[PDB]
Amino acid sequence: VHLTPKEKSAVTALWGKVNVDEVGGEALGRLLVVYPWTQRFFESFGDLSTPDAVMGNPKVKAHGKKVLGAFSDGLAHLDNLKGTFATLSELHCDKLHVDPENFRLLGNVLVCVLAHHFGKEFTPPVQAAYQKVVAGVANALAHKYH
Amino acid sequence: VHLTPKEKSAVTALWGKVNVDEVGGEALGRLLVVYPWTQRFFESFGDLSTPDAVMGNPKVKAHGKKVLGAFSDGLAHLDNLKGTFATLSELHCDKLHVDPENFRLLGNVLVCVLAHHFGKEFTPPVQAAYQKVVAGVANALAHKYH
Amino acid sequence: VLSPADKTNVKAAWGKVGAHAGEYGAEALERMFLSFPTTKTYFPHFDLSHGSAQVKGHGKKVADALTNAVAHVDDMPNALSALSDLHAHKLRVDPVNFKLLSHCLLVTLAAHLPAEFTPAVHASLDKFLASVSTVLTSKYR
Amino acid sequence: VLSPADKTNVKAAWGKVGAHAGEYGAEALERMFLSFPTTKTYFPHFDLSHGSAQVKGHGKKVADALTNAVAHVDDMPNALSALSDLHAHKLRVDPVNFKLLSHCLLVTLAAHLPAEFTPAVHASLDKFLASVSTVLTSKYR
Ligand code: HEM
Ligand code: HEM
Ligand code: HEM
Ligand code: HEM
């Protein structure tokens, strides 16, 4: 995906302020709460009975950190997302069989979490740049379906 | 997209029997009837007031022939759909701004038209091969969004 | 919303299915499993191969549920409430998958009922299956 | 379906929007136009640049419609019937676009109401906007 230099700047500047220990877990937790069918893939994570249970679940926070790591990795390779996500594509598509619509959903939940954390700093043009990124990541993760 | 030789055989064999003067118009007409918001892009085609009006509209039949031609072209280049649909991608995405979900819908309408015309000959494995094709075409036509 | 003509069209088309109801349901499932392999994971206790007695039996259940929806087309949320609970709560079926099965049901009807599958009836059947899908995905909590 | 807790959550969150209602609606539209440029084509008679009086005025209309939906949350098909006719018949708005505007409304609320946008309320608001979207796409004929 192609970001303008202004967009790249906006994206990288905000990402440097991201709490990498927490934001991924918040996004994964919210995915599980807002789109409850996604819990089907996380039976081994234990208590997902309430939103509080989900958000406070140590496995959700831990797995969310790995997800965010992958987004960070994609941000460093915007011109080669397919190669970057090849192994994860094989995992999520060939092994897990997650419908790729859910890749889009998690990306949009991440965008909501960024808006929540950054407030007015997450301006409409900053969002538009992040939408390009999370779309690129979703398409790359879905490559094994293509 | 990768078809097995058995799938390629099934696809090419059926396509040779396709009436290339009619099937494209039937698919485009049905798109306009079943998903009426798509009529927004065809204001210049005249009478679209009833299903009969749509299916009998000479412009719908004529434009459908061009669509089917593009699918035929894609069937001949299954290993390079992106290059094959580059100009059409620029048209449908950059110029027309058609949401790419509608590329998927037209492909699935085409699959319905093939089932209608071929009946029991359009077996579940033959369908599965055609779903790979129309997914590939939709993804290629959507490349300018990626 | 389903129009009077839609309800008339769906009732007429589904009326032609007859004793093939269960058969067409099984065929639609097979079409779905082959075309969209992600959907297979919902049925690990099923053998999904051709001629599977389990897919045959399940196709009859799907057809009976659709027949119930046709027979109670003005009261579908109520008629399908138990099935909505099952698919959304217990089974956690991804909403995308209802679009996939609906498409495969249309393909199955097109392949078997060429006289009935006019453009208008295709449109009515699509709206009907979308309405059924809306009810069956209405209970995620 | 919206649960009692969902209706309580939506009413509370929307209650905090206040005199900013029109403003947030305009911001959501701008977010949509910039993030998803396909949606721009519905507004050729609009200047979509920042600070556009037309986008500001239209944001107030969107907000007022949402407020009407909140106020009549148990009767939304009836409350939004005229708007459903408009969006589906006259304007022919692609159903995908409602998901795009709904997402941008969530982002706008998240950016302005950090205390209200809990995971539970996020879920309730998503269900509410999906319900609104279902009504506004219910009239394609
Ligand atoms: C942009 C979207 C996504 C990204 C970047 C992502 C990233 C990741 C990463 C980094 C891992 C860890 C892999 C490893 O341990 O080496 C993982 C595992 C996993 N993902 Fe995701 N993921 C995404 C979407 C999803 C969605 C939507 C679901 C289900 C609804 C899902 C289900 C899983 C599961 C079940 C695992 C554990 C697999 C295992 O441990 O064997 N993922 N993902
Ligand atoms: C797989 C999907 C599709 C294929 C293969 C396809 C193919 C084509 C082709 C071959 C043309 C003629 C281009 C030319 O004259 O050189 C065309 C034009 C056009 N298409 Fe499609 N199309 C698809 C989907 C759609 C959809 C879903 C829409 C709208 C709902 C759409 C709207 C249009 C319009 C409005 C034109 C006329 C453009 C012009 O004459 O300037 N297309 N398309
Ligand atoms: C038109 C849409 C659908 C209809 C009418 C329908 C109908 C039914 C019926 C009647 C049953 C049996 C209920 C019972 O025995 O208590 C059932 C079960 C089930 N359905 Fe569906 N269904 C639909 C869509 C789907 C989709 C899209 C999926 C997944 C891709 C799905 C997955 C399942 C599963 C996994 C079961 C349980 C099977 C078992 O454990 O034996 N359904 N459905
Ligand atoms: C939450 C979802 C939505 C709500 C509550 C909403 C509400 C409204 C309202 C209140 C009006 C003015 C009605 C009137 O003045 O008679 C309107 C008009 C309009 N809407 Fe929406 N709308 C929604 C989604 C959308 C979407 C997704 C699109 C397209 C991307 C869209 C395109 C339009 C257009 C083009 C007009 C006419 C503008 C004009 O000609 O002045 N709407 N909408």
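Scope of the values below: all heavy atoms of this structure, side chains included, with no hydrogens, waters or symmetry mates. Here is the naming used below: chain letters follow the sequence lines, and residue numbers restart at 1 for every chain.
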Minimum heavy-atom distance [X]-[Y], with the two atoms named:
| X | Y | value |
| --- | --- | --- |
| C93(B) | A142(B) | SG-CA, 4.1 Å |
| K8(B) | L3(B) | CE-O, 3.3 Å |
| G136(A) | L81(A) | C-CD1, 3.6 Å |
| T108(C) | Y24(C) | CG2-O, 3.5 Å |
| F36(D) | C104(D) | CE1-SG, 3.9 Å |
| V33(A) | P36(A) | O-CG, 3.7 Å |

Do the non-hydrogen side-chain atoms of [X] and [Y] ever get within less than 4.5 Å of each other?
| X | Y | value |
| --- | --- | --- |
| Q127(B) | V111(B) | yes |
| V109(B) | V34(B) | no |
| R141(D) | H89(D) | yes |
| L110(B) | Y130(B) | no |
| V60(B) | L48(B) | yes |
| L141(B) | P100(B) | no |
| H63(B) | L28(B) | yes |
| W37(B) | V93(D) | no |

salt_bridge(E26(B), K61(B)) N-O dist < 4.0 Å: no

Can you tell me if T41(C) and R40(A) form a side-chain donor-acceptor pair at under 3.5 Å? yes

Please check if any side-chain donor atom of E27(C) sits under 3.5 Å from a side-chain acceptor atom of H112(C), or the reverse. yes

Yes or no on side chain to side chain contact (heavy atoms under 4.5 Å, CB included) for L75(A) and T12(A), after CA distance, side-chain angles and deciding distance? CA-CA 8 Å; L75(A) 279 180; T12(A) 56; over 6 Å; no

So how far is it from [X] [atom1] to [Y] [atom2], rounded to the nearest 0.5 Å?
| X | Y | atom1 | atom2 | result |
| --- | --- | --- | --- | --- |
| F128(C) | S133(C) | CZ | OG | 9.5 Å |
| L66(C) | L105(C) | CG | CG | 6.0 Å |
| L31(B) | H122(C) | CG | NE2 | 9.5 Å |
| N102(A) | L106(A) | CG | CG | 9.0 Å |
| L105(B) | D126(C) | CG | CG | 9.0 Å |
| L78(B) | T84(B) | CG | OG1 | 9.0 Å |

Are there more than 12 heavy atoms of other residues, nucleotides or ligands under 6.0 Å from atom NE2 of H77(A)? no

Main chain of [Y], side chain of [X]: is a donor-acceptor contact present, judged purely on distance under 3.5 Å?
| X | Y | result |
| --- | --- | --- |
| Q131(B) | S35(C) | no |
| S72(B) | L68(B) | yes |
| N80(A) | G83(A) | yes |
| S102(C) | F98(C) | yes |
| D99(A) | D94(C) | no |
| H92(B) | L88(B) | yes |
| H87(D) | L136(D) | no |
| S84(D) | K139(D) | no |
| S52(C) | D47(C) | yes |
| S89(A) | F85(A) | no |

Do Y35(A) and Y140(C) make the cut of ring centroids closer than 6.0 angstrom? no

Centroid-centroid under 6.0 Å between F43(C) and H58(C) rings: yes

What verdict does the side chain to side chain contact (heavy atoms under 4.5 Å, CB included) test give for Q39(A) and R92(C), after you've listed the backbone C-alpha separation in whole Å, the side-chain angles of each residue and the deciding distance to 0.1 Å? CA-CA 8 Å; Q39(A) 297 180 25; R92(C) 306 198 152 288; 3.5 Å; yes

Pair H103(C)-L129(C), side chain to side chain contact (heavy atoms under 4.5 Å, CB included): steps then yes or no: CA-CA 9 Å; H103(C) 168 65; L129(C) 296 169; over 6 Å; no

Working for side chain to side chain contact (heavy atoms under 4.5 Å, CB included), residues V18(B) and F118(B): CA-CA 9 Å; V18(B) 161; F118(B) 287 95; 4.0 Å; yes

Quick test of your reading: applying side-chain hydrogen bond (donor to acceptor under 3.5 Å, both in side chains), list the pairs with at least one residue in residues 132-146 of chain B, sequence neighbours left out, ordered by first then second residue. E7(B)-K132(B), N139(B)-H146(B)

